[PDB]
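Only one structure is covered here, and it is reproduced in the block below.
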Amino acid sequence: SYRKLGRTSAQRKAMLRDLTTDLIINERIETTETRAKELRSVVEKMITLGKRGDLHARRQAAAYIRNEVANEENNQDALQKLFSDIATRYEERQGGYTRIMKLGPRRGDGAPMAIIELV
Amino acid sequence: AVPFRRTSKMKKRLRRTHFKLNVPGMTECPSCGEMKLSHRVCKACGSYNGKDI
Amino acid sequence: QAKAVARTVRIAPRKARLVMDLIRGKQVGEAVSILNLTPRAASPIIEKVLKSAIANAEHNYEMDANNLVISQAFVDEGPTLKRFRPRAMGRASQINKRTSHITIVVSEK
Amino acid sequence: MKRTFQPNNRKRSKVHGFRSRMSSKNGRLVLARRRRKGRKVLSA
RNA sequence: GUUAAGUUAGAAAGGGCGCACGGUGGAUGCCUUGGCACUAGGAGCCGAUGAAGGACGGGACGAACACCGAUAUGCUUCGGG
RNA sequence: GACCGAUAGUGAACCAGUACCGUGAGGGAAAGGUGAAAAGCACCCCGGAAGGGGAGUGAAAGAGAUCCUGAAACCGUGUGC
RNA sequence: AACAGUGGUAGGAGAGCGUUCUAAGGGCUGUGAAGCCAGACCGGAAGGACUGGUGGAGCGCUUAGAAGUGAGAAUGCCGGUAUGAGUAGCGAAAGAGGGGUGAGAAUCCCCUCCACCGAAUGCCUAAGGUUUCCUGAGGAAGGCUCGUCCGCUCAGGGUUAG
RNA sequence: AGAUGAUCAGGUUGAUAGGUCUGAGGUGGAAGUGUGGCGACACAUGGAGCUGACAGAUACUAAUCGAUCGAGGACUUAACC
């Protein structure tokens, strides 16, 4: 199965897409846990595409991700960062490119927040 | 679709029995001691599973 | 023994009642842990007044902070504030912005 | 929806106004009533 | 000891009765700065020499009250104190 | 005054014909009490504050700014059965 | 003393209790009045004492008198507080993340992306409102939550015509 | 399995879920390159490429460290002893 997250198909795709880009950039983010659970899959998936490094994969990942900067002083974007840096990071690992450490809840929502990382 | 009678204190309390809060699933922070949720991060130690963020 | 009070704080009393029905009769340190870790609006208020209580004990009575216990702890419905919600059809509905007096008493073993 | 009160200060001051009330006998009697009661705002 | 049969306590998530202590709420009691009805006496009209009633303004100091009117939170000039 | 004593008595004991309602005429409230005297809580702590606990003033602080008393409904804490 | 009797609506009659005030006479009260709360007291009833506590200044008793003289109900009036019930609702519409501030952040500021309007959700301008404008402080109330924020509160300032 | 509780499978000598790799099934012949064609486009590369939940492996990630509750077993009688 898969979650809905209180959103429509389109705007959850947008959520997950933005979040993937944000995570690729920052290498760590705090969100809700459920959003993280749903990221984990697709994020490792894009990492598989990076490990492939083919142009077909480049165009797939471009179809997904957003056109943002990931490193100033380099004119680098999230996509280049993904392939180059992260595939060079994880040549050798087979899946499990993430960690999800649960945090406590939030003051306004009571929502269980959690951070997510690239390990 | 309305109360035919006013509810008495006794039944009001009998209803509000289960209306209560359980405590959390609590543990210490082995790093700097204080308490913590299970499977979750020590906000003050900033630590988890013997690892600092 | 020692006492602390938070008089006339805008919060409903039942909710505070829940939060202190948790801790009635417990050691202060674990009680603070409860209030820090439980997700409710009233726990900051209650740990605040409790912390004030133990401070009063240590400062005005010198009663060995670690060796303390909540002797009693309760809430009293204080002066409400009246408001009105404009419901449909020109009718209004009375609204009771409640208020509470929290009271905590701390002793030794 | 449209409602009864559509404010125009001109219409207010030319109907319910002081010149108007003083124009007519019965409008003077208002001011009499509207004083011995003690109303601060005796007219528009 | 076991087995069988039979008895009976005790429980309290919570609740009821009573008691104790508190809160809220504003009654009750006490009080009056205000009013009600009358008595005696006085006076019973004010205004174009601009009324009654108001608006706007005035203070060293913000608003409002009260007082006052560009002579503006008082000025002569007779008295009192 | 063999009249009222703050739900009474003027509608109005308090900045009321106010606030407020209404286009308008017009309608029309609520709301008194620290203490003999501010002597109105220096100072220490908790706390971001508020609000508390001490200390001090005071005959009294359980008198602390809805400030004499302060009932009942209602709200809770503990406990004997 | 004896004898007999003593259900009772409408309703008639008679006995009284209690409240406020007044007159007189006799009293109580800071060594603690009334009032309030308890109590296992007394009386045939209405009712009345006693003790203790609170309170902190006025009040009973007797005989008479006069009355705004006794409340459980009016879909009564006013006020307060409950129940329903932590229930319904939280008022159309895409937000996410990183930084920052701060005691405290889903909700405030900045940035980046994304999304909505686009004969309109954009620019002007009437009537009307009457300081809401700008800046800086604040977060008790209002904001259908929070709030470090504002069309809220304080201060100040700001509107220039042949 | 389920509104939530609950139930069930698992909790580091373990395949509970995700991810990864194999596949199934579904879609239908990817992008890029080249050839032909003025071009629209077609052919080959190549049952290709892609693929949510499906099943089989895989200790990569997360099921950590903890903590709490939970018995001491009444009496009488009858039989064995």
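Ordering of the structure tokens sets the chain letters (A, B, ...), residue numbers begin anew at 1 in every chain, and ligands are numbered from 1 in the order given.
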| Contact set, chain F to chain D: 9 Å, only C-alpha atoms (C1' of nucleotides), as a PyMOL selection string | chain F and resi 17+23-25
Residues at most 8 Å from range 7-24 of chain A, counting only C-alpha atoms (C1' of nucleotides), excluding those fewer than 6 positions away in the same chain, as a list in words?
-> residues 35, 38, 39, 43, 64, 65, 66, 68, 70, 78, 81, 82 and 117 of chain A; 94, 95, 96, 97, 113 and 114 of chain G
Suppose we keep N, CA and C atoms (P, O5', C5', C4', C3', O3' and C1' of nucleotides); can you now write the selection as a PDB file, in the first residue's frame?
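In the end it all went to out-v3.pdb:
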```
ATOM      1  N   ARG A  35       5.554  11.376   6.669  1.00  0.00           N
ATOM      2  CA  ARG A  35       6.123  11.930   5.456  1.00  0.00           C
ATOM      3  C   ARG A  35       7.493  11.336   5.197  1.00  0.00           C
ATOM      4  N   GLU A  38       7.241   7.789   3.851  1.00  0.00           N
ATOM      5  CA  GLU A  38       6.896   7.764   2.443  1.00  0.00           C
ATOM      6  C   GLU A  38       8.024   8.274   1.566  1.00  0.00           C
ATOM      7  N   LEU A  39       8.879   9.147   2.090  1.00  0.00           N
ATOM      8  CA  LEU A  39      10.048   9.566   1.329  1.00  0.00           C
ATOM      9  C   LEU A  39      10.993   8.413   1.098  1.00  0.00           C
ATOM     10  N   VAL A  43      13.258   8.059  -2.269  1.00  0.00           N
ATOM     11  CA  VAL A  43      14.571   8.664  -2.177  1.00  0.00           C
ATOM     12  C   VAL A  43      15.638   7.634  -2.484  1.00  0.00           C
ATOM     13  N   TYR A  64      11.428  13.835 -12.219  1.00  0.00           N
ATOM     14  CA  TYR A  64      10.914  13.868 -10.854  1.00  0.00           C
ATOM     15  C   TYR A  64      11.330  15.147 -10.138  1.00  0.00           C
ATOM     16  N   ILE A  65      12.623  15.336  -9.917  1.00  0.00           N
ATOM     17  CA  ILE A  65      13.116  16.341  -8.983  1.00  0.00           C
ATOM     18  C   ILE A  65      12.855  17.746  -9.494  1.00  0.00           C
ATOM     19  N   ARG A  66      13.124  18.725  -8.642  1.00  0.00           N
ATOM     20  CA  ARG A  66      12.923  20.133  -8.930  1.00  0.00           C
ATOM     21  C   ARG A  66      14.242  20.830  -9.209  1.00  0.00           C
ATOM     22  N   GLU A  68      16.500  23.246  -8.435  1.00  0.00           N
ATOM     23  CA  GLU A  68      17.000  24.086  -7.366  1.00  0.00           C
ATOM     24  C   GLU A  68      18.513  24.002  -7.296  1.00  0.00           C
ATOM     25  N   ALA A  70      21.853  23.318  -5.055  1.00  0.00           N
ATOM     26  CA  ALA A  70      22.314  22.528  -3.935  1.00  0.00           C
ATOM     27  C   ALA A  70      23.640  22.994  -3.384  1.00  0.00           C
ATOM     28  N   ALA A  78      20.646  20.166  -7.651  1.00  0.00           N
ATOM     29  CA  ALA A  78      20.347  18.963  -6.897  1.00  0.00           C
ATOM     30  C   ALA A  78      20.642  17.715  -7.698  1.00  0.00           C
ATOM     31  N   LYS A  81      24.391  17.094  -8.096  1.00  0.00           N
ATOM     32  CA  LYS A  81      24.835  16.692  -6.772  1.00  0.00           C
ATOM     33  C   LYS A  81      24.475  15.253  -6.512  1.00  0.00           C
ATOM     34  N   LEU A  82      23.225  14.896  -6.801  1.00  0.00           N
ATOM     35  CA  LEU A  82      22.747  13.546  -6.584  1.00  0.00           C
ATOM     36  C   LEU A  82      23.676  12.567  -7.251  1.00  0.00           C
ATOM     37  N   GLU A 117      17.795  11.313   7.462  1.00  0.00           N
ATOM     38  CA  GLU A 117      19.179  11.487   7.079  1.00  0.00           C
ATOM     39  C   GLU A 117      19.496  10.551   5.932  1.00  0.00           C
TER      40      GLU A 117
ATOM     41  P     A G  94      -6.348  23.971  -1.743  1.00  0.00           P
ATOM     42  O5'   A G  94      -4.799  23.665  -1.560  1.00  0.00           O
ATOM     43  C5'   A G  94      -4.286  23.290  -0.290  1.00  0.00           C
ATOM     44  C4'   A G  94      -2.926  23.882  -0.039  1.00  0.00           C
ATOM     45  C3'   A G  94      -2.799  25.353  -0.402  1.00  0.00           C
ATOM     46  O3'   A G  94      -1.838  25.989   0.436  1.00  0.00           O
ATOM     47  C1'   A G  94      -1.324  24.099  -1.720  1.00  0.00           C
ATOM     48  P     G G  95      -2.174  26.350   1.962  1.00  0.00           P
ATOM     49  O5'   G G  95      -0.872  25.866   2.732  1.00  0.00           O
ATOM     50  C5'   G G  95      -0.734  24.518   3.134  1.00  0.00           C
ATOM     51  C4'   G G  95       0.218  23.750   2.261  1.00  0.00           C
ATOM     52  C3'   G G  95       1.610  23.546   2.814  1.00  0.00           C
ATOM     53  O3'   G G  95       1.673  22.540   3.803  1.00  0.00           O
ATOM     54  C1'   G G  95       1.755  24.176   0.560  1.00  0.00           C
ATOM     55  P     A G  96       2.713  22.678   5.016  1.00  0.00           P
ATOM     56  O5'   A G  96       4.095  22.310   4.342  1.00  0.00           O
ATOM     57  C5'   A G  96       4.218  21.084   3.659  1.00  0.00           C
ATOM     58  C4'   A G  96       5.577  20.906   3.049  1.00  0.00           C
ATOM     59  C3'   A G  96       6.750  21.341   3.899  1.00  0.00           C
ATOM     60  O3'   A G  96       7.105  20.392   4.883  1.00  0.00           O
ATOM     61  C1'   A G  96       7.013  22.185   1.729  1.00  0.00           C
ATOM     62  P     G G  97       7.770  20.880   6.257  1.00  0.00           P
ATOM     63  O5'   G G  97       9.235  21.308   5.824  1.00  0.00           O
ATOM     64  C5'   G G  97      10.086  20.346   5.241  1.00  0.00           C
ATOM     65  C4'   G G  97      11.291  20.956   4.581  1.00  0.00           C
ATOM     66  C3'   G G  97      12.195  21.788   5.459  1.00  0.00           C
ATOM     67  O3'   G G  97      13.051  21.010   6.271  1.00  0.00           O
ATOM     68  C1'   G G  97      11.817  22.920   3.441  1.00  0.00           C
ATOM     69  P     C G 113      14.341  29.775  -7.141  1.00  0.00           P
ATOM     70  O5'   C G 113      13.614  28.392  -7.415  1.00  0.00           O
ATOM     71  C5'   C G 113      12.246  28.241  -7.105  1.00  0.00           C
ATOM     72  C4'   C G 113      11.897  26.822  -6.752  1.00  0.00           C
ATOM     73  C3'   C G 113      10.488  26.410  -7.133  1.00  0.00           C
ATOM     74  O3'   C G 113      10.396  25.961  -8.469  1.00  0.00           O
ATOM     75  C1'   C G 113      10.826  25.939  -4.864  1.00  0.00           C
ATOM     76  P     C G 114       9.194  26.465  -9.397  1.00  0.00           P
ATOM     77  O5'   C G 114       7.920  25.793  -8.732  1.00  0.00           O
ATOM     78  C5'   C G 114       7.880  24.387  -8.590  1.00  0.00           C
ATOM     79  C4'   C G 114       6.703  23.923  -7.780  1.00  0.00           C
ATOM     80  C3'   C G 114       5.363  24.531  -8.129  1.00  0.00           C
ATOM     81  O3'   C G 114       4.751  23.919  -9.244  1.00  0.00           O
ATOM     82  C1'   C G 114       5.673  24.668  -5.821  1.00  0.00           C
TER      83        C G 114
END
```
### Query
Which residues come within 12 Å of residue 76 in chain F, counting only C-alpha atoms (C1' of nucleotides), excluding same-chain residues fewer than 6 positions away, as a PyMOL selection string?
(chain C and resi 13-14+16-17+21+73-78+100-103) or (chain E and resi 21-24)
Chain F residues near chain C within 9 Å, closest pair each, using only C-alpha atoms (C1' of nucleotides), as CSV:
```
residue,atom,partner,partner_atom,distance
F:45,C1',C:59,CA,6.4
F:46,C1',C:52,CA,3.9
F:47,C1',C:48,CA,7.1
F:50,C1',C:9,CA,8.1
F:51,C1',C:6,CA,5.2
F:52,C1',C:5,CA,5.3
F:53,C1',C:56,CA,5.5
F:54,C1',C:60,CA,6.1
F:75,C1',C:77,CA,6.2
F:76,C1',C:76,CA,6.3
F:77,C1',C:74,CA,6.1
F:78,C1',C:72,CA,8.6
```
I need the residues of chain A that end up classed as strand (DSSP E or B) by DSSP on the backbone, written out as a PyMOL selection string. chain A and resi 28-32+69-71+76-77+99-105+112-117
Export N, CA, C and O atoms of the chosen residues as a CSV table (one decimal), in the first residue's frame?
```
chain,number,residue,atom,x,y,z
A,28,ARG,N,19.8,16.2,5.6
A,28,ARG,CA,19.1,16.0,6.8
A,28,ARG,C,18.0,17.0,6.9
A,28,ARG,O,18.1,18.2,6.6
A,29,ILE,N,16.8,16.5,7.3
A,29,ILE,CA,15.6,17.4,7.5
A,29,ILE,C,14.7,16.9,8.6
A,29,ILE,O,14.6,15.7,8.8
A,30,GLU,N,14.0,17.8,9.2
A,30,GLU,CA,13.0,17.5,10.2
A,30,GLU,C,11.6,17.7,9.6
A,30,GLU,O,11.4,18.7,9.0
A,31,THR,N,10.8,16.7,9.7
A,31,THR,CA,9.4,16.7,9.2
A,31,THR,C,8.6,15.9,10.2
A,31,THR,O,8.9,15.7,11.3
A,32,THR,N,7.4,15.5,9.7
A,32,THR,CA,6.7,14.5,10.4
A,32,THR,C,7.3,13.1,10.0
A,32,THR,O,7.9,12.9,9.0
A,69,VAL,N,19.1,24.9,-6.5
A,69,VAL,CA,20.5,24.9,-6.2
A,69,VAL,C,20.7,24.0,-5.0
A,69,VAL,O,19.9,23.9,-4.1
A,70,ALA,N,21.9,23.3,-5.1
A,70,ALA,CA,22.3,22.5,-3.9
A,70,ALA,C,23.6,23.0,-3.4
A,70,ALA,O,24.0,22.6,-2.3
A,71,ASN,N,24.4,23.8,-4.1
A,71,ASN,CA,25.7,24.3,-3.7
A,71,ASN,C,26.0,25.6,-4.5
A,71,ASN,O,26.3,25.5,-5.6
A,76,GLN,N,25.9,24.5,-8.9
A,76,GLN,CA,25.5,23.1,-8.8
A,76,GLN,C,24.0,23.1,-8.5
A,76,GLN,O,23.5,23.9,-7.7
A,77,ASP,N,23.4,22.1,-9.1
A,77,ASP,CA,22.0,21.8,-8.8
A,77,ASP,C,21.9,20.4,-8.1
A,77,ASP,O,22.8,19.6,-8.1
A,99,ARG,N,18.2,7.0,7.3
A,99,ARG,CA,17.9,6.8,8.7
A,99,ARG,C,16.7,7.7,9.1
A,99,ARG,O,16.6,8.8,8.6
A,100,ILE,N,15.9,7.2,10.0
A,100,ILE,CA,14.7,7.9,10.4
A,100,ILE,C,14.7,7.9,11.9
A,100,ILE,O,14.2,6.9,12.5
A,101,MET,N,15.2,8.9,12.6
A,101,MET,CA,15.2,9.0,14.0
A,101,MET,C,14.0,9.7,14.4
A,101,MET,O,13.8,10.9,14.0
A,102,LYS,N,13.2,9.1,15.3
A,102,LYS,CA,11.9,9.7,15.7
A,102,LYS,C,12.2,10.7,16.8
A,102,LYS,O,13.0,10.5,17.7
A,103,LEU,N,11.6,11.9,16.7
A,103,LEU,CA,11.6,12.9,17.7
A,103,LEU,C,10.2,12.9,18.4
A,103,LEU,O,9.3,12.2,18.0
A,104,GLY,N,10.1,13.7,19.4
A,104,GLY,CA,8.9,13.8,20.1
A,104,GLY,C,7.9,14.6,19.3
A,104,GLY,O,8.2,15.0,18.2
A,105,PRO,N,6.8,15.0,19.9
A,105,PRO,CA,5.8,15.7,19.2
A,105,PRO,C,5.9,17.2,19.2
A,105,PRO,O,6.9,17.7,19.7
A,112,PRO,N,3.9,13.8,15.8
A,112,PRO,CA,5.2,13.3,16.0
A,112,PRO,C,6.2,13.6,14.9
A,112,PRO,O,6.1,13.0,13.8
A,113,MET,N,7.1,14.5,15.2
A,113,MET,CA,8.1,14.9,14.3
A,113,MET,C,9.2,13.9,14.3
A,113,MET,O,9.4,13.1,15.3
A,114,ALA,N,10.1,14.0,13.3
A,114,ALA,CA,11.2,13.1,13.2
A,114,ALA,C,12.1,13.7,12.1
A,114,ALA,O,11.7,14.4,11.2
A,115,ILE,N,13.4,13.4,12.3
A,115,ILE,CA,14.4,13.8,11.4
A,115,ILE,C,14.7,12.6,10.5
A,115,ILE,O,14.4,11.5,10.8
A,116,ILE,N,15.3,12.9,9.3
A,116,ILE,CA,15.7,11.9,8.4
A,116,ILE,C,17.0,12.3,7.8
A,116,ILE,O,17.3,13.5,7.5
A,117,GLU,N,17.8,11.3,7.5
A,117,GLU,CA,19.2,11.5,7.1
A,117,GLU,C,19.5,10.6,5.9
A,117,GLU,O,18.7,9.7,5.6
```
Pull the closest atom pair for each residue of chain E that gets at most 12 Å from chain B, along with the distance in Å to one decimal, counting only C-alpha atoms (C1' of nucleotides), ordering rows by chain and then ascending residue number, as a tab-separated table.
```
residue	atom	partner	partner_atom	distance
E:13	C1'	B:17	CA	7.8
E:14	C1'	B:17	CA	6.3
E:15	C1'	B:10	CA	7.0
E:16	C1'	B:10	CA	8.4
```
Write out as a PyMOL selection string every residue belonging to chain G that has an atom at most 12 Å from any atom of chain D, counting only C-alpha atoms (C1' of nucleotides).
chain G and resi 127-129
Next item on the list: Restrict the distance test to only C-alpha atoms (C1' of nucleotides), flag each residue of chain G within 10 Å of chain B, and return the flagged residues as an MDAnalysis selection string.
Entry: chainID G and resid 82:86
Would you save the residues from that selection as a PDB file, in the first residue's frame, using N, CA and C atoms (P, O5', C5', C4', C3', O3' and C1' of nucleotides)?
```pdb
ATOM      1  P     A G  82     -19.903  26.046  35.990  1.00  0.00           P
ATOM      2  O5'   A G  82     -20.803  24.783  36.311  1.00  0.00           O
ATOM      3  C5'   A G  82     -21.569  24.196  35.282  1.00  0.00           C
ATOM      4  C4'   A G  82     -22.490  23.135  35.800  1.00  0.00           C
ATOM      5  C3'   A G  82     -22.804  22.026  34.818  1.00  0.00           C
ATOM      6  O3'   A G  82     -21.841  20.993  34.856  1.00  0.00           O
ATOM      7  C1'   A G  82     -24.807  22.868  35.733  1.00  0.00           C
ATOM      8  P     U G  83     -21.379  20.271  33.506  1.00  0.00           P
ATOM      9  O5'   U G  83     -22.695  19.553  33.003  1.00  0.00           O
ATOM     10  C5'   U G  83     -23.275  18.538  33.788  1.00  0.00           C
ATOM     11  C4'   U G  83     -24.523  17.993  33.154  1.00  0.00           C
ATOM     12  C3'   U G  83     -24.383  17.550  31.711  1.00  0.00           C
ATOM     13  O3'   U G  83     -23.970  16.205  31.614  1.00  0.00           O
ATOM     14  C1'   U G  83     -26.293  18.929  31.969  1.00  0.00           C
ATOM     15  P     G G  84     -22.736  15.800  30.685  1.00  0.00           P
ATOM     16  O5'   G G  84     -23.331  15.854  29.221  1.00  0.00           O
ATOM     17  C5'   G G  84     -24.489  15.116  28.891  1.00  0.00           C
ATOM     18  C4'   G G  84     -25.164  15.682  27.677  1.00  0.00           C
ATOM     19  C3'   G G  84     -24.254  15.957  26.495  1.00  0.00           C
ATOM     20  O3'   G G  84     -24.139  14.835  25.647  1.00  0.00           O
ATOM     21  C1'   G G  84     -25.519  17.884  26.995  1.00  0.00           C
ATOM     22  P     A G  85     -23.174  14.888  24.376  1.00  0.00           P
ATOM     23  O5'   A G  85     -21.790  15.335  25.000  1.00  0.00           O
ATOM     24  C5'   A G  85     -20.685  14.453  24.998  1.00  0.00           C
ATOM     25  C4'   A G  85     -19.621  14.898  25.959  1.00  0.00           C
ATOM     26  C3'   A G  85     -20.036  14.815  27.418  1.00  0.00           C
ATOM     27  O3'   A G  85     -19.084  14.131  28.254  1.00  0.00           O
ATOM     28  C1'   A G  85     -19.511  17.084  26.820  1.00  0.00           C
ATOM     29  P     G G  86     -17.567  14.596  28.493  1.00  0.00           P
ATOM     30  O5'   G G  86     -16.824  14.283  27.132  1.00  0.00           O
ATOM     31  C5'   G G  86     -15.481  14.693  26.948  1.00  0.00           C
ATOM     32  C4'   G G  86     -15.381  15.803  25.941  1.00  0.00           C
ATOM     33  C3'   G G  86     -14.175  15.752  25.013  1.00  0.00           C
ATOM     34  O3'   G G  86     -14.527  16.356  23.774  1.00  0.00           O
ATOM     35  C1'   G G  86     -14.135  17.744  26.194  1.00  0.00           C
TER      36        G G  86
END
```
Atom pair CA of residue 28 in chain B + CA of residue 30 in chain C, distance 10.5 Å
For this session: Fewer than 4 positions away in the same chain doesn't count, so skip those; otherwise give me all residues within 6 Å of range 60-71 of chain H, counting only C-alpha atoms (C1' of nucleotides), as a ChimeraX atom specification.
Result: /A:94-96,98-99 /B:27,49 /H:11
Any chance you can output those residues with C-alpha atoms (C1' of nucleotides) as a PDB file, in the first residue's frame?
```pdb
ATOM      1  CA  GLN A  94      22.765  -2.010  -1.477  1.00  0.00           C
ATOM      2  CA  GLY A  95      19.798  -0.059  -0.227  1.00  0.00           C
ATOM      3  CA  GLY A  96      19.159   1.452   3.148  1.00  0.00           C
ATOM      4  CA  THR A  98      18.510   6.528   5.004  1.00  0.00           C
ATOM      5  CA  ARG A  99      17.885   6.777   8.710  1.00  0.00           C
TER       6      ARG A  99
ATOM      7  CA  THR B  27      13.243   5.664  29.614  1.00  0.00           C
ATOM      8  CA  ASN B  49      21.363   4.796  20.692  1.00  0.00           C
TER       9      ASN B  49
ATOM     10  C1'   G H  11      11.311  -7.065  17.492  1.00  0.00           C
TER      11        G H  11
END
```
field: Spatial neighbours of residue 44 in chain C, 12 Å, only C-alpha atoms (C1' of nucleotides), chain gap at least 5 places, as a VMD selection string
entry: (chain A and resid 107) or (chain C and resid 6 11 16 19 to 20 31 to 39 49 to 51) or (chain F and resid 47) or (chain G and resid 104)
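For the atom pair formed by CA of residue 41 in chain C and CA of residue 37 in chain A, the distance is 27.8 Å, given to one decimal.
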Mind checking DSSP for chain C and telling me the alpha helix (DSSP H) residues as a PyMOL selection string? chain C and resi 13-23+28-37+43-60
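Taking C1' of residue 135 in chain G as the reference point, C1' of residue 99 in chain G is found at 26.4 Å.
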Using only C-alpha atoms (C1' of nucleotides) and a cut-off of 12 Å, which residues of chain G sit close to chain C? Please list them as a list in words.
residues 80, 81, 85, 86, 89, 90, 91, 104, 140, 141, 142, 144, 145 and 146 of chain G
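Taking only C-alpha atoms (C1' of nucleotides) into account, chain E lies nearest to C:79 out of the set C:79, C:87, C:23, C:95.
Between chain A and the candidates C:106, C:10, C:22, C:40, the tightest atom-to-atom separation, counting only C-alpha atoms, involves C:40.
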Write out as a tab-separated table the residues of chain B that have any atom within 8 Å of an atom of chain C, one row each with the nearest atom pair and its distance in Å to one decimal, counting only C-alpha atoms, sorted by chain and then rising number.
```
residue	atom	partner	partner_atom	distance
B:20	CA	C:18	CA	6.2
B:21	CA	C:18	CA	6.7
B:22	CA	C:22	CA	7.5
B:23	CA	C:22	CA	7.1
B:24	CA	C:38	CA	6.7
B:34	CA	C:33	CA	7.8
B:35	CA	C:33	CA	5.9
B:36	CA	C:37	CA	7.1
B:37	CA	C:37	CA	7.2
```
